[PDB]
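One chain comes next, on its own, written out as structure tokens in the form deposited in one PDB entry.
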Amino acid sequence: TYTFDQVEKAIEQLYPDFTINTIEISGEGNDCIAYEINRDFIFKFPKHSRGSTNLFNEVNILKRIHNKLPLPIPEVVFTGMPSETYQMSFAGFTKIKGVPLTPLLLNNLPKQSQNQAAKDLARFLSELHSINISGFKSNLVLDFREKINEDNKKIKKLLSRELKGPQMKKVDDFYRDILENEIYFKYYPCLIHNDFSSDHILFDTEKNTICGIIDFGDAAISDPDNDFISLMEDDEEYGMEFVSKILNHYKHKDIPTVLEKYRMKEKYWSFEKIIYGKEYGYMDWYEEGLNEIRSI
């Protein structure tokens, strides 16, 4: 964690001409804390080394796709420096004014506004997924089969003395079932947002139109279907019906596939909670995942 004195000092070092008048905490994620500075900029500071690589990733991707997208995205204006601890010490982005398009907010909109929102997200995704990926930096590729095998290995290392025989057999089976299913690894890899959820979609209540996409730190080259299944959850997201509208504008050509990927992903969450948990020292996510795994 950081003091305001630390943030200001960090920025002053690299941007001595930049006058800081105001600084307040803007937000906080698992990877970075955000500061709003002079009410003009969002500055992200990594909470840890791992978070710093997401920050570093966001900056590189945003630089590459700048003015290629049909909706406003953060623009990099300030960058920090690498250390032995952080790949990037901080970054300052233009602030995009607006509020998040919550499930609540969306469902209260004129049926036309909802439909237009679905159209704007579709064409945003269409152009993003169309961006030319050759000449893209290292690390950017996220091969799904590589991910699952690596995860499987991790679950095995973590849970071998935590599960009983029948319970681990269930784990093996699930991972077996995933890996022997071609549709998961068959996609054309494209540049994807990879955390495309309602809290990263900023909305203009005056125009009743989406006015920005934020938080590219998870972006990668992978399965573009990821950017639909993330919006499709019923608890914290928009739901299968609204995403379906988005799918039509996208001109999507295998929607049951999208659906099959959604359901697999929802089941898979227990395992991510174990892994993401253990890695981020979230003993709460680990125990939840562990308890879920010891069940249905």
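The numbering used is simple: start at 1 and walk along the sequence shown.
Of the two segments examined, 26-34 and 246-254, it is 246-254 that shows the higher average Cα temperature factor in the deposited entry. Mean CA B-factor, 130-138 versus 95-103: the higher value falls on 130-138.
The entry lists C-alpha B-factors for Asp215, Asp151, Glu75, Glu206, and the highest of these is at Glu206. For the set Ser270, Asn67, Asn60, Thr53, the maximum C-alpha B-factor listed in the entry falls on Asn67. In the deposited entry, the Cα temperature factor of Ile210 sits in the middle third of values across the chain's modelled residues. When all modelled residues of the chain are sorted by CA temperature factor, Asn181 is found within the highest third. Ranked by Cα temperature factor within the chain, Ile296 sits in the highest third according to the deposited record.
Residue-level temperature factors show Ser222 in the middle third of its chain, judged at the C-alpha atom. Sort the chain's modelled residues by C-alpha temperature factor and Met283 lands in the highest third, per the entry.
What follows is about the form deposited in another entry, which we do not show.
Two rigid parts of the chain rotate against each other between this form and the one not shown, and of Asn54, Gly212, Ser244, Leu179 the one at the hinge is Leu179.
Here's the thing about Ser198 and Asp284: their CA atoms end up at least 3 Å closer in that other deposited form than they are in this form.
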